[PDB]
Amino acid sequence: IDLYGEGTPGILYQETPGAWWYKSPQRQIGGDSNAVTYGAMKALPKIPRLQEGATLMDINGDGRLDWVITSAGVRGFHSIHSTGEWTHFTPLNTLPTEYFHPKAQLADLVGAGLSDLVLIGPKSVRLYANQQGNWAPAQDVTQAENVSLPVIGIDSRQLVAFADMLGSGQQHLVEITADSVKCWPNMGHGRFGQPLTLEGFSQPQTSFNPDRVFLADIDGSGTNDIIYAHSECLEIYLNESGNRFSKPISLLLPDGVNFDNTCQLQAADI
Amino acid sequence: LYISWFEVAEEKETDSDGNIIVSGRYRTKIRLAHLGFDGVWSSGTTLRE
Amino acid sequence: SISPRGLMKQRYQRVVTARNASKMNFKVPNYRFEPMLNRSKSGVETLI
Amino acid sequence: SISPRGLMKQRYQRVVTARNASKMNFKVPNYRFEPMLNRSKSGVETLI
Amino acid sequence: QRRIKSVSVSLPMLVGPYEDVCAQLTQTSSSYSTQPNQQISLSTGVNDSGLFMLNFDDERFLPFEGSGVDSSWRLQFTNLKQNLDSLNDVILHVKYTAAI
Amino acid sequence: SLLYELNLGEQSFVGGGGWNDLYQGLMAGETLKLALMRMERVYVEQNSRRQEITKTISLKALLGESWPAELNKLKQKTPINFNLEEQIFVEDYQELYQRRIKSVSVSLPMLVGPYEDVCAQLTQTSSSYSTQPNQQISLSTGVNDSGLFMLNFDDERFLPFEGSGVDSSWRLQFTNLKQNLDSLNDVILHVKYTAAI
Amino acid sequence: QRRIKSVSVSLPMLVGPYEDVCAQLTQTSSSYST
Amino acid sequence: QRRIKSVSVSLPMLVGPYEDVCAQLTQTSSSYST
Amino acid sequence: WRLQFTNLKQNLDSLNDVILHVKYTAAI
Amino acid sequence: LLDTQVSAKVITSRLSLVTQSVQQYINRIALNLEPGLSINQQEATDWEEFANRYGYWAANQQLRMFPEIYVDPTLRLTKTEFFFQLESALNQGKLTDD
Amino acid sequence: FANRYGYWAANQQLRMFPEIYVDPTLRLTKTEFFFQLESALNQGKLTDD
Amino acid sequence: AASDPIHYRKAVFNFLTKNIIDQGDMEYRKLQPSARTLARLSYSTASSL
């Protein structure tokens, strides 16, 4: 993650006896301004780092990560500066949930930057309450019963995301088969609208699998774009205006390489 | 509700070694129970002997 | 009206509870005879 | 004043502890009797 | 046939650190069947068995094995003079067995 | 040991004379068998699902406004006396026919970094109500320290406080290996206990 | 030789975080057996 | 001394959530043995 | 060794090298 | 009646206040105050069960009106262990004429 | 107390107070009577007996 | 002071009384259309001072 106000992240292999090896991007010597590389690690004096829901995020919206505490009975965090200043422990009258299943953990639709958690799916809508890392009570609502129900976790050759193929910035619900794709209009508090399909994609469905699939916007609009892997290629489908998808681009893998279930794709601004 | 019953207590009370007489001296259980509002009648008590 | 149905259900249980509370008995730790079998048979043979 | 209440509580513990430290006894490994029962009974029959 | 195995229960609440999750439950009676440890205190919030254990076969048990599926109950949350005002409904998770 | 579970107070069932001169003590074992069996009866009778539950505590919250100076002197390098209050514990489920300690764990908000020396010691000074030799537990390792790498076993090593009275007072320390522990907030306790209905 | 050890089964739907999955299965017969 | 204890093995392919895997392996011989 | 896979018309054309995880013991 | 200086230009109904005041009276007798005919408890409970509120009472009236529309005695006031016996019959196995 | 003004001050305050909040939920006074009392207090659920 | 041989201890009763009415006040803090009513006891109490 980026902690050091970096705008781009340090690598940091880090565990329970964790190394804190903050291997981070430094300018390459010579060459243009754009030249960069990852230098030495730096381990640091740091938190209990274990059995805590211990995790990366700034949750309060502080511009500072808020390394999470949620263990058995114990709840709070520690805040970390760009200076590496791990603040003293933070009990705050936090009101974290049961996390009953971490499945379907909501985040975005509460509001940009103040993300909050709601386990949810068909016929019902649990409610957020996060303000700046504090909470009111949560609630129950539902969107109207005619609206189609987005639903989570069924691995039957398909994918789900909270993701804004529409590039509004609202990471709309989408459901993605090998044949059909569907996105719910953001209705924020307690609701979505009836979903719209998008068009411009298919795969040989008997040959398909969930994943082998990647989701970053690449056209820079905000309309999340799509990649599939292939025995020697990637297929890249680009979102027509937030509505449909262009003919997929065929990218040969590096020579002799083929991608497979060991292999991990990613996108980051090198 | 309340309910009551009275075990005779026919007291065997001879002077002789054999106690063939069961009166001459005597006792009697006087008993009653209130109905517990759960429906369990109280275990009952001796009102007098 | 279903609420009185509720209510009647509940005190129905209560009145049945008047009998059952005894029937609750003192049903012992589950699964406990299976090992207890061993100890018991040891006793019986001890008698031999 | 609750602080003296603290203090008084604590040396109260201490003064009771004058008694209890002995009562602490030498309270053995937990549940040790349950398996040890076996060893002991083996001895007792051994005598036979 | 039909009978109770066992159960767990849980409450949803946004709640803070080291706070008294604290409650008690009993069946008043499984009127159909066939006090002394027929109740179970609660302090987990999630999946609360009231009992750190993992489906053992011995001694620590629910107050409730083998019960008739008929049961009525009395429940409580112990007010260690602390908030509960945000609460939302229980979920129950009942476990049972039956002869074909 | 049976009494430690049963907690019925002192009664004795073992008896002398199993050995005898004249009769060469021929039946002592049988005597024991008798005792053993009846005790077994008692065991299955009284081992009775006994209610168990567990809470957690802030020492700061317990200590009140003395806490800052207290925390401070614990930052300083000294052993420190400490307490627990039974009635406060009893503030919950305040009805059970018996009350007793099961076990406990404890932990700190570390800032040490990747591997560094978590190091401390703790013992009850006394569970004044009840009924040195291994009633103490060093601490390290951080999160929910049992001071013991174990998983609710049942045989030889155990918490120095099993079956303790819920009343207990304490002595605590961090071992200064000439190292900073100053950037610290309050500890938290994970206390475990049982009770007869 | 060839023989059955065991099996498990599942279905494509989230009923919900707790919701009523409910069904029954049996072989009518493993006509060949033994 | 030196001797075999045990072994495991695995394959790269992203075949699919339900999709076939169908290998079989045997030593022809551990020519040195005993 | 002798090694095999059964043809069940699967995506065999996709594959690539295997990995072994071998376990062994030894007297000092 | 609960005749209070509270005003706030709040609109109020004679009907409603009269009702509320009647409730006052009722309660002043329900709890032992100036000697009232504190009726038998089942009646008093019916008061709090229905006459406590318009809609409560209204629904009560509705039921007492209904010859039958939906009384549908899937359960009922009536009972004998016959009833639990019946239930047992219902719940055992799979249903059959026997 | 005399270590500090407010320390001393509070001491003075208490020594002024006839009673406002001395509220002897606990107290200097003790005998094993006191732990006995507590035992009575903490056993089971409270009752007249 | 906590021991002083003086009637100040009546402060206790005063407290107790306020506790009584305070309890009543809270149950009246509960929603209930008989919302003044039994608070009359809060009246009686307060007026007793």
# chains A, B, ... in the order shown; residues from 1 in each chain; ligands from 1

call {"tool": "residues_around", "arguments": {"residues": "residue 2 in chain L", "least_positions_apart": "3", "cutoff": "9 Å", "atoms": "only C-alpha atoms", "output": "ChimeraX atom specification"}}
result
/K:18-19,22-24,27-28 /L:9

call {"tool": "write_last_selection", "arguments": {"atoms": "N, CA, C and O atoms", "output": "mmCIF file, in the first residue's frame"}}
result
data_model
loop_
_atom_site.group_PDB
_atom_site.id
_atom_site.type_symbol
_atom_site.label_atom_id
_atom_site.label_comp_id
_atom_site.auth_asym_id
_atom_site.auth_seq_id
_atom_site.Cartn_x
_atom_site.Cartn_y
_atom_site.Cartn_z
ATOM 1 N N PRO K 18 -19.465 17.212 56.125
ATOM 2 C CA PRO K 18 -20.166 16.465 57.176
ATOM 3 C C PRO K 18 -20.543 15.107 56.642
ATOM 4 O O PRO K 18 -20.236 14.068 57.236
ATOM 5 N N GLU K 19 -21.215 15.118 55.506
ATOM 6 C CA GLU K 19 -21.398 14.019 54.584
ATOM 7 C C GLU K 19 -22.116 14.587 53.391
ATOM 8 O O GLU K 19 -23.038 15.386 53.539
ATOM 9 N N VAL K 22 -19.832 10.419 51.170
ATOM 10 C CA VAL K 22 -18.947 9.441 51.789
ATOM 11 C C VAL K 22 -19.476 8.029 51.572
ATOM 12 O O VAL K 22 -18.693 7.077 51.475
ATOM 13 N N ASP K 23 -20.797 7.874 51.477
ATOM 14 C CA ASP K 23 -21.517 6.722 50.938
ATOM 15 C C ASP K 23 -20.778 5.413 51.159
ATOM 16 O O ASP K 23 -20.213 4.845 50.217
ATOM 17 N N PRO K 24 -20.799 4.889 52.354
ATOM 18 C CA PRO K 24 -19.861 3.821 52.699
ATOM 19 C C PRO K 24 -20.215 2.504 52.053
ATOM 20 O O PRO K 24 -20.386 1.499 52.746
ATOM 21 N N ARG K 27 -15.596 0.780 53.335
ATOM 22 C CA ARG K 27 -15.180 1.652 54.419
ATOM 23 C C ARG K 27 -13.914 1.142 55.073
ATOM 24 O O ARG K 27 -13.555 -0.032 54.963
ATOM 25 N N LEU K 28 -13.263 2.058 55.786
ATOM 26 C CA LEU K 28 -12.111 1.704 56.600
ATOM 27 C C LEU K 28 -12.474 0.605 57.572
ATOM 28 O O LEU K 28 -11.701 -0.335 57.781
ATOM 29 N N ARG L 9 -25.970 11.512 59.134
ATOM 30 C CA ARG L 9 -26.269 10.276 58.444
ATOM 31 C C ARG L 9 -27.669 10.259 57.863
ATOM 32 O O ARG L 9 -27.922 9.515 56.917
#

call {"tool": "residues_around", "arguments": {"residues": "range 27-42 of chain L", "least_positions_apart": "2", "cutoff": "12 Å", "atoms": "only C-alpha atoms", "output": "PDB file with N, CA, C and O atoms, in the first residue's frame"}}
result
ATOM      1  N   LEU J   1     -59.903  16.902  33.313  1.00  0.00           N
ATOM      2  CA  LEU J   1     -59.124  16.226  32.305  1.00  0.00           C
ATOM      3  C   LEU J   1     -57.674  16.649  32.505  1.00  0.00           C
ATOM      4  O   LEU J   1     -57.374  17.507  33.334  1.00  0.00           O
ATOM      5  N   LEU J   2     -56.755  16.098  31.720  1.00  0.00           N
ATOM      6  CA  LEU J   2     -55.362  16.518  31.847  1.00  0.00           C
ATOM      7  C   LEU J   2     -55.219  17.914  31.258  1.00  0.00           C
ATOM      8  O   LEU J   2     -54.606  18.116  30.205  1.00  0.00           O
ATOM      9  N   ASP J   3     -55.793  18.880  31.954  1.00  0.00           N
ATOM     10  CA  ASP J   3     -56.032  20.219  31.435  1.00  0.00           C
ATOM     11  C   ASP J   3     -54.803  21.075  31.702  1.00  0.00           C
ATOM     12  O   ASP J   3     -54.627  21.607  32.798  1.00  0.00           O
ATOM     13  N   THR J   4     -53.950  21.224  30.696  1.00  0.00           N
ATOM     14  CA  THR J   4     -52.635  21.794  30.913  1.00  0.00           C
ATOM     15  C   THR J   4     -52.409  23.040  30.073  1.00  0.00           C
ATOM     16  O   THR J   4     -52.982  23.208  28.995  1.00  0.00           O
ATOM     17  N   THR J  19     -61.813  11.350  25.419  1.00  0.00           N
ATOM     18  CA  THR J  19     -61.394   9.963  25.492  1.00  0.00           C
ATOM     19  C   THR J  19     -60.269   9.806  26.495  1.00  0.00           C
ATOM     20  O   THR J  19     -60.352   9.016  27.439  1.00  0.00           O
ATOM     21  N   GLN J  20     -59.210  10.575  26.288  1.00  0.00           N
ATOM     22  CA  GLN J  20     -58.038  10.535  27.140  1.00  0.00           C
ATOM     23  C   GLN J  20     -58.424  10.702  28.595  1.00  0.00           C
ATOM     24  O   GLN J  20     -57.908  10.011  29.476  1.00  0.00           O
ATOM     25  N   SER J  21     -59.326  11.630  28.861  1.00  0.00           N
ATOM     26  CA  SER J  21     -59.766  11.879  30.220  1.00  0.00           C
ATOM     27  C   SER J  21     -60.515  10.690  30.779  1.00  0.00           C
ATOM     28  O   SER J  21     -60.376  10.346  31.960  1.00  0.00           O
ATOM     29  N   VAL J  22     -61.329  10.062  29.946  1.00  0.00           N
ATOM     30  CA  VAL J  22     -62.006   8.858  30.382  1.00  0.00           C
ATOM     31  C   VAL J  22     -60.970   7.839  30.788  1.00  0.00           C
ATOM     32  O   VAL J  22     -61.092   7.170  31.818  1.00  0.00           O
ATOM     33  N   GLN J  23     -59.909   7.753  30.000  1.00  0.00           N
ATOM     34  CA  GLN J  23     -58.824   6.846  30.317  1.00  0.00           C
ATOM     35  C   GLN J  23     -58.234   7.205  31.658  1.00  0.00           C
ATOM     36  O   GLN J  23     -57.932   6.327  32.467  1.00  0.00           O
ATOM     37  N   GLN J  24     -58.040   8.500  31.891  1.00  0.00           N
ATOM     38  CA  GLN J  24     -57.552   8.948  33.183  1.00  0.00           C
ATOM     39  C   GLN J  24     -58.404   8.351  34.277  1.00  0.00           C
ATOM     40  O   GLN J  24     -57.898   7.725  35.205  1.00  0.00           O
ATOM     41  N   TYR J  25     -59.709   8.562  34.170  1.00  0.00           N
ATOM     42  CA  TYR J  25     -60.658   8.102  35.171  1.00  0.00           C
ATOM     43  C   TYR J  25     -60.469   6.613  35.398  1.00  0.00           C
ATOM     44  O   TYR J  25     -60.280   6.129  36.529  1.00  0.00           O
ATOM     45  N   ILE J  26     -60.431   5.894  34.284  1.00  0.00           N
ATOM     46  CA  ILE J  26     -60.296   4.451  34.287  1.00  0.00           C
ATOM     47  C   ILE J  26     -59.069   4.058  35.066  1.00  0.00           C
ATOM     48  O   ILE J  26     -59.100   3.166  35.909  1.00  0.00           O
ATOM     49  N   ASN J  27     -57.970   4.717  34.776  1.00  0.00           N
ATOM     50  CA  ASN J  27     -56.705   4.363  35.378  1.00  0.00           C
ATOM     51  C   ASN J  27     -56.684   4.744  36.842  1.00  0.00           C
ATOM     52  O   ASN J  27     -56.114   4.033  37.674  1.00  0.00           O
ATOM     53  N   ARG J  28     -57.297   5.876  37.171  1.00  0.00           N
ATOM     54  CA  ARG J  28     -57.380   6.293  38.555  1.00  0.00           C
ATOM     55  C   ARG J  28     -58.113   5.273  39.379  1.00  0.00           C
ATOM     56  O   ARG J  28     -57.938   5.217  40.596  1.00  0.00           O
ATOM     57  N   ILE J  29     -58.921   4.449  38.735  1.00  0.00           N
ATOM     58  CA  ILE J  29     -59.577   3.364  39.437  1.00  0.00           C
ATOM     59  C   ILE J  29     -58.793   2.072  39.299  1.00  0.00           C
ATOM     60  O   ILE J  29     -58.709   1.288  40.244  1.00  0.00           O
ATOM     61  N   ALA J  30     -58.182   1.880  38.135  1.00  0.00           N
ATOM     62  CA  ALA J  30     -57.383   0.694  37.889  1.00  0.00           C
ATOM     63  C   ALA J  30     -56.306   0.589  38.943  1.00  0.00           C
ATOM     64  O   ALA J  30     -56.174  -0.433  39.624  1.00  0.00           O
ATOM     65  N   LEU J  31     -55.556   1.655  39.122  1.00  0.00           N
ATOM     66  CA  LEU J  31     -54.700   1.724  40.274  1.00  0.00           C
ATOM     67  C   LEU J  31     -55.572   2.196  41.417  1.00  0.00           C
ATOM     68  O   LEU J  31     -56.469   3.024  41.231  1.00  0.00           O
ATOM     69  N   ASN J  32     -55.311   1.665  42.597  1.00  0.00           N
ATOM     70  CA  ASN J  32     -56.146   1.967  43.747  1.00  0.00           C
ATOM     71  C   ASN J  32     -55.952   3.417  44.137  1.00  0.00           C
ATOM     72  O   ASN J  32     -54.960   3.781  44.768  1.00  0.00           O
ATOM     73  N   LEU J  33     -56.909   4.247  43.751  1.00  0.00           N
ATOM     74  CA  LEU J  33     -56.977   5.624  44.203  1.00  0.00           C
ATOM     75  C   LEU J  33     -58.256   5.811  44.993  1.00  0.00           C
ATOM     76  O   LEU J  33     -58.594   4.970  45.831  1.00  0.00           O
ATOM     77  N   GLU J  48     -56.804  -2.464  29.205  1.00  0.00           N
ATOM     78  CA  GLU J  48     -55.484  -2.088  28.735  1.00  0.00           C
ATOM     79  C   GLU J  48     -55.168  -2.745  27.412  1.00  0.00           C
ATOM     80  O   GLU J  48     -54.326  -2.250  26.662  1.00  0.00           O
ATOM     81  N   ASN J  52     -57.314   0.803  25.909  1.00  0.00           N
ATOM     82  CA  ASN J  52     -56.125   1.622  26.007  1.00  0.00           C
ATOM     83  C   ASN J  52     -55.991   2.520  24.789  1.00  0.00           C
ATOM     84  O   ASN J  52     -55.509   3.649  24.904  1.00  0.00           O
ATOM     85  N   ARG J  53     -56.411   2.050  23.616  1.00  0.00           N
ATOM     86  CA  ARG J  53     -56.200   2.832  22.411  1.00  0.00           C
ATOM     87  C   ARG J  53     -57.339   2.632  21.424  1.00  0.00           C
ATOM     88  O   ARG J  53     -58.009   1.597  21.411  1.00  0.00           O
TER      89      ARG J  53
ATOM     90  N   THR L  17     -34.694   8.708  49.382  1.00  0.00           N
ATOM     91  CA  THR L  17     -35.960   9.248  48.931  1.00  0.00           C
ATOM     92  C   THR L  17     -35.850   9.737  47.504  1.00  0.00           C
ATOM     93  O   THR L  17     -36.688   9.418  46.642  1.00  0.00           O
ATOM     94  N   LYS L  18     -34.829  10.548  47.249  1.00  0.00           N
ATOM     95  CA  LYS L  18     -34.619  11.013  45.891  1.00  0.00           C
ATOM     96  C   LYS L  18     -34.472   9.842  44.945  1.00  0.00           C
ATOM     97  O   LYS L  18     -34.897   9.915  43.795  1.00  0.00           O
ATOM     98  N   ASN L  19     -33.873   8.760  45.414  1.00  0.00           N
ATOM     99  CA  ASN L  19     -33.727   7.590  44.571  1.00  0.00           C
ATOM    100  C   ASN L  19     -35.082   7.023  44.220  1.00  0.00           C
ATOM    101  O   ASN L  19     -35.331   6.627  43.080  1.00  0.00           O
ATOM    102  N   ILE L  20     -35.966   6.979  45.209  1.00  0.00           N
ATOM    103  CA  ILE L  20     -37.321   6.488  44.996  1.00  0.00           C
ATOM    104  C   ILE L  20     -37.973   7.258  43.866  1.00  0.00           C
ATOM    105  O   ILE L  20     -38.403   6.698  42.844  1.00  0.00           O
ATOM    106  N   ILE L  21     -38.052   8.569  44.053  1.00  0.00           N
ATOM    107  CA  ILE L  21     -38.751   9.384  43.072  1.00  0.00           C
ATOM    108  C   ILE L  21     -38.036   9.305  41.742  1.00  0.00           C
ATOM    109  O   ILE L  21     -38.665   9.303  40.686  1.00  0.00           O
ATOM    110  N   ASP L  22     -36.711   9.260  41.775  1.00  0.00           N
ATOM    111  CA  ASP L  22     -35.935   9.197  40.553  1.00  0.00           C
ATOM    112  C   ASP L  22     -36.280   7.940  39.773  1.00  0.00           C
ATOM    113  O   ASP L  22     -36.448   7.975  38.547  1.00  0.00           O
ATOM    114  N   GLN L  23     -36.413   6.825  40.483  1.00  0.00           N
ATOM    115  CA  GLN L  23     -36.845   5.579  39.871  1.00  0.00           C
ATOM    116  C   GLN L  23     -38.186   5.773  39.192  1.00  0.00           C
ATOM    117  O   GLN L  23     -38.394   5.366  38.036  1.00  0.00           O
ATOM    118  N   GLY L  24     -39.125   6.357  39.926  1.00  0.00           N
ATOM    119  CA  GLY L  24     -40.434   6.587  39.352  1.00  0.00           C
ATOM    120  C   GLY L  24     -40.325   7.434  38.102  1.00  0.00           C
ATOM    121  O   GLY L  24     -40.948   7.158  37.081  1.00  0.00           O
ATOM    122  N   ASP L  25     -39.562   8.513  38.194  1.00  0.00           N
ATOM    123  CA  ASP L  25     -39.332   9.388  37.059  1.00  0.00           C
ATOM    124  C   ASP L  25     -38.837   8.624  35.844  1.00  0.00           C
ATOM    125  O   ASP L  25     -39.236   8.914  34.720  1.00  0.00           O
ATOM    126  N   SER L  44     -45.568  13.680  45.467  1.00  0.00           N
ATOM    127  CA  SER L  44     -45.655  13.470  46.903  1.00  0.00           C
ATOM    128  C   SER L  44     -44.270  13.484  47.516  1.00  0.00           C
ATOM    129  O   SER L  44     -44.004  14.183  48.499  1.00  0.00           O
ATOM    130  N   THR L  45     -43.367  12.732  46.905  1.00  0.00           N
ATOM    131  CA  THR L  45     -41.988  12.684  47.352  1.00  0.00           C
ATOM    132  C   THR L  45     -41.386  14.075  47.393  1.00  0.00           C
ATOM    133  O   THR L  45     -40.993  14.564  48.457  1.00  0.00           O
ATOM    134  N   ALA L  46     -41.316  14.734  46.239  1.00  0.00           N
ATOM    135  CA  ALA L  46     -40.672  16.037  46.182  1.00  0.00           C
ATOM    136  C   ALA L  46     -41.242  16.947  47.251  1.00  0.00           C
ATOM    137  O   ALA L  46     -40.514  17.511  48.075  1.00  0.00           O
ATOM    138  N   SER L  47     -42.559  17.043  47.283  1.00  0.00           N
ATOM    139  CA  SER L  47     -43.228  17.888  48.246  1.00  0.00           C
ATOM    140  C   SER L  47     -42.926  17.474  49.668  1.00  0.00           C
ATOM    141  O   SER L  47     -43.016  18.302  50.578  1.00  0.00           O
ATOM    142  N   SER L  48     -42.523  16.231  49.877  1.00  0.00           N
ATOM    143  CA  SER L  48     -42.128  15.880  51.226  1.00  0.00           C
ATOM    144  C   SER L  48     -40.877  16.605  51.660  1.00  0.00           C
ATOM    145  O   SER L  48     -40.454  16.439  52.801  1.00  0.00           O
ATOM    146  N   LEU L  49     -40.267  17.372  50.771  1.00  0.00           N
ATOM    147  CA  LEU L  49     -39.201  18.295  51.105  1.00  0.00           C
ATOM    148  C   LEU L  49     -39.613  19.665  50.601  1.00  0.00           C
ATOM    149  O   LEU L  49     -40.521  19.788  49.776  1.00  0.00           O
TER     150      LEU L  49
END

call {"tool": "select_by_dssp", "arguments": {"residues": "range 20-194 of chain F", "states": "strand (DSSP E)", "output": "ChimeraX atom specification"}}
result
/F:51-58,80-83,100-107,120-126,136-139,169-174,188-194

call {"tool": "calpha_fit_and_write", "arguments": {"fixed": "chain G", "moving": "chain H", "output": "short mmCIF file (atom, residue, chain, number, x, y, z; two decimals) with N, CA and C atoms, in the first residue's frame"}}
result
data_model
loop_
_atom_site.label_atom_id
_atom_site.label_comp_id
_atom_site.auth_asym_id
_atom_site.auth_seq_id
_atom_site.Cartn_x
_atom_site.Cartn_y
_atom_site.Cartn_z
N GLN H 1 -11.75 -53.27 -10.23
CA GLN H 1 -13.03 -53.07 -9.56
C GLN H 1 -13.38 -51.59 -9.57
N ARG H 2 -14.65 -51.32 -9.30
CA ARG H 2 -15.19 -49.96 -9.26
C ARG H 2 -16.33 -49.93 -8.25
N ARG H 3 -16.36 -48.91 -7.40
CA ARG H 3 -17.37 -48.80 -6.35
C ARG H 3 -17.46 -47.36 -5.86
N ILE H 4 -18.62 -47.03 -5.29
CA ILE H 4 -18.86 -45.71 -4.72
C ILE H 4 -18.19 -45.58 -3.36
N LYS H 5 -17.47 -44.48 -3.16
CA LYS H 5 -17.02 -44.11 -1.83
C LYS H 5 -18.02 -43.20 -1.13
N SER H 6 -18.24 -42.01 -1.68
CA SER H 6 -19.02 -40.97 -1.01
C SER H 6 -19.40 -39.91 -2.04
N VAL H 7 -19.97 -38.79 -1.58
CA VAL H 7 -20.41 -37.74 -2.50
C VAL H 7 -20.78 -36.49 -1.70
N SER H 8 -20.79 -35.35 -2.39
CA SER H 8 -21.30 -34.07 -1.93
C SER H 8 -22.04 -33.42 -3.09
N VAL H 9 -22.73 -32.31 -2.82
CA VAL H 9 -23.61 -31.68 -3.80
C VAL H 9 -23.78 -30.23 -3.39
N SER H 10 -24.15 -29.38 -4.35
CA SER H 10 -24.39 -27.98 -4.03
C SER H 10 -25.18 -27.29 -5.14
N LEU H 11 -25.75 -26.14 -4.78
CA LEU H 11 -26.70 -25.35 -5.55
C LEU H 11 -26.22 -23.92 -5.76
N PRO H 12 -26.61 -23.30 -6.88
CA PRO H 12 -26.03 -21.99 -7.24
C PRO H 12 -26.51 -20.81 -6.41
N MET H 13 -27.77 -20.80 -5.97
CA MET H 13 -28.45 -19.54 -5.73
C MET H 13 -27.86 -18.72 -4.59
N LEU H 14 -27.74 -17.41 -4.83
CA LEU H 14 -27.57 -16.42 -3.76
C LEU H 14 -28.92 -16.20 -3.08
N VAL H 15 -29.25 -17.10 -2.15
CA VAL H 15 -30.51 -17.01 -1.43
C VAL H 15 -30.49 -15.91 -0.37
N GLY H 16 -29.46 -15.87 0.48
CA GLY H 16 -29.42 -14.90 1.55
C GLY H 16 -28.84 -15.44 2.85
N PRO H 17 -28.37 -14.52 3.70
CA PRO H 17 -27.57 -14.89 4.88
C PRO H 17 -28.28 -15.81 5.84
N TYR H 18 -29.60 -15.77 5.87
CA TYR H 18 -30.37 -16.50 6.86
C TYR H 18 -31.43 -17.36 6.20
N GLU H 19 -31.54 -17.29 4.89
CA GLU H 19 -32.66 -17.72 4.08
C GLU H 19 -32.71 -19.25 3.91
N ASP H 20 -33.92 -19.74 3.64
CA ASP H 20 -34.22 -21.17 3.59
C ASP H 20 -33.39 -21.91 2.55
N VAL H 21 -32.96 -23.12 2.91
CA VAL H 21 -32.59 -24.14 1.93
C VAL H 21 -33.15 -25.48 2.38
N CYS H 22 -33.76 -26.23 1.45
CA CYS H 22 -34.82 -27.16 1.82
C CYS H 22 -34.86 -28.45 1.00
N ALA H 23 -33.75 -28.89 0.41
CA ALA H 23 -33.70 -30.04 -0.48
C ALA H 23 -33.65 -31.37 0.29
N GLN H 24 -34.06 -32.44 -0.39
CA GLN H 24 -33.86 -33.81 0.07
C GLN H 24 -33.59 -34.74 -1.11
N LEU H 25 -32.69 -35.68 -0.93
CA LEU H 25 -32.26 -36.56 -2.01
C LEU H 25 -32.08 -37.97 -1.50
N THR H 26 -32.39 -38.95 -2.34
CA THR H 26 -32.04 -40.32 -2.05
C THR H 26 -31.83 -41.04 -3.36
N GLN H 27 -30.98 -42.05 -3.35
CA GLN H 27 -30.99 -42.96 -4.47
C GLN H 27 -32.27 -43.76 -4.39
N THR H 28 -32.95 -43.91 -5.51
CA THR H 28 -33.98 -44.92 -5.55
C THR H 28 -33.37 -46.29 -5.37
N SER H 29 -32.22 -46.50 -5.99
CA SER H 29 -31.50 -47.75 -5.90
C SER H 29 -30.17 -47.58 -6.60
N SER H 30 -29.16 -48.23 -6.05
CA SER H 30 -27.93 -48.51 -6.78
C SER H 30 -28.14 -49.92 -7.30
N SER H 31 -28.82 -50.00 -8.46
CA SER H 31 -29.36 -51.28 -8.91
C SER H 31 -28.29 -52.36 -8.91
N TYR H 32 -27.15 -52.09 -9.52
CA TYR H 32 -26.02 -52.95 -9.23
C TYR H 32 -25.47 -52.63 -7.86
N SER H 33 -25.37 -53.65 -7.04
CA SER H 33 -24.69 -53.58 -5.77
C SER H 33 -24.23 -54.99 -5.48
N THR H 34 -23.24 -55.11 -4.61
CA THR H 34 -22.72 -56.41 -4.22
C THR H 34 -22.44 -57.28 -5.44
#

call {"tool": "interface_residues", "arguments": {"of": "chain D", "to": "chain F", "cutoff": "7 Å", "atoms": "only C-alpha atoms", "output": "list in words"}}
result
residues 10, 13, 16, 17, 20, 21, 28, 29, 30, 31, 32, 33, 44, 45 and 47 of chain D

call {"tool": "select_by_dssp", "arguments": {"residues": "chain C", "states": "alpha helix (DSSP H)", "output": "ChimeraX atom specification"}}
result
/C:2-23,33-47

call {"tool": "atom_distance", "arguments": {"atom1": "CA of residue 22 in chain C", "atom2": "CA of residue 4 in chain C"}}
result
27.6 Å

call {"tool": "closest_atom_pairs", "arguments": {"of": "chain F", "to": "chain K", "cutoff": "12 Å", "atoms": "only C-alpha atoms", "output": "Markdown table"}}
result
| residue | atom | partner | partner_atom | distance |
| --- | --- | --- | --- | --- |
| F:85 | CA | K:38 | CA | 11.5 |
| F:86 | CA | K:42 | CA | 8.3 |
| F:87 | CA | K:42 | CA | 6.8 |
| F:88 | CA | K:42 | CA | 10.2 |
| F:89 | CA | K:42 | CA | 10.1 |
| F:90 | CA | K:42 | CA | 7.1 |
| F:91 | CA | K:42 | CA | 9.5 |
| F:92 | CA | K:42 | CA | 11.2 |
| F:93 | CA | K:45 | CA | 9.4 |
| F:94 | CA | K:45 | CA | 6.5 |
| F:95 | CA | K:45 | CA | 4.1 |
| F:96 | CA | K:44 | CA | 4.4 |
| F:97 | CA | K:44 | CA | 4.2 |
| F:98 | CA | K:44 | CA | 6.4 |
| F:99 | CA | K:43 | CA | 7.7 |
| F:100 | CA | K:43 | CA | 11.1 |
| F:128 | CA | K:35 | CA | 10.2 |
| F:129 | CA | K:35 | CA | 8.8 |
| F:130 | CA | K:39 | CA | 11.6 |
| F:165 | CA | K:39 | CA | 11.5 |
| F:166 | CA | K:42 | CA | 10.7 |
| F:167 | CA | K:39 | CA | 10.8 |
| F:195 | CA | K:44 | CA | 9.4 |
| F:196 | CA | K:44 | CA | 8.5 |
| F:197 | CA | K:44 | CA | 7.8 |
